[PDB]
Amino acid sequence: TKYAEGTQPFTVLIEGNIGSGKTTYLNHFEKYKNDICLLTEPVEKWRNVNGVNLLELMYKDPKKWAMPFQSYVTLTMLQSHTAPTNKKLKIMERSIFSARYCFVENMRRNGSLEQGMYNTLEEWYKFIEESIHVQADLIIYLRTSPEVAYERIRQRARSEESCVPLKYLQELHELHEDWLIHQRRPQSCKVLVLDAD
């Protein structure tokens, strides 16, 4: 019954904090484009929604734009999770789960999402899980320490994420740990932890 059910191959989700070197890690799979469906984080869509840069707006004014931004993230994630494909392996940078369990959760805690906004997002996630099929067979967790991650961001061209405080990266780190190490979260499927230092 679920949308896109049984239309998806073996799927690997690349998880990790901001600045854990996910983009770098995924470049290594570039040359396998022919046999591997390789979907990077849809940052591009988020940067340009018919001209509006939601990502910049979210970072510049979280109390106003987190809700629409995250709602859009969720959608783009679903578009990735369900895009049809010939290939026998699929690899996604981040997932609907990291969006729900880390980023939205953290934006609730630091006041960016108000209860009414958070609840709306959660109702969507609840509906999505009952009615849309999300293939997830293996997660590769690029585990790093907040400080190493902070450093990596600092060594890169000024982006929109560049101003996030070390405090934010700590909050996010603990949330990934809760989900993928302390298994504190519905997620079922195997996690392969890699030390990215």
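Definition used throughout: the rigid core is the maximal C-alpha set that superposes within 1.5 Å between two forms. Position 1 is the first residue in the sequence shown; the rest follow in order.
Which of 127 to 135 and 38 to 46 lies farther, on average, from the shown form in 6 other deposited structures of this protein once the rigid core is superposed (C-alpha RMS)? Farther on average in 6 other deposited structures of this protein: 38 to 46.
Residue gap status of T24, at least a third of other entries: In none of the comparable entries (those modelling both sides of it) is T24 left without coordinates.
Looking at the other compared entries that model both neighbours, is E161 missing coordinates in at least a third of them? Counting only entries that model residues on both sides, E161 is unresolved in at least a third of them.
Going by the B-factors listed in the PDB entry, is the mean over the C-alpha atoms higher for 65 to 73 or for 149 to 157? The stretch with the larger mean CA B-factor is 149 to 157.
Taking only the CA atoms, which stretch has the higher mean B-factor in the record, 136 to 144 or 28 to 36? Looking at the recorded C-alpha B-factors, 28 to 36 comes out higher on average.
Could you tell me which one of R100, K126, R94, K88 shows the highest CA temperature factor in the PDB record? Answer, based on the entry's C-alpha B-factors: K88.
Comparing against every modelled residue in the chain, figure out the third that the C-alpha B-factor of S188 lands in (lowest, middle or highest). Its C-alpha B-factor, which the entry lists for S188, ranks in the highest third among residues of this chain.
Give the position of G21 by CA B-factor within its chain, expressed as the lowest, middle or highest third. Answer is middle: the recorded C-alpha B-factor places it there.
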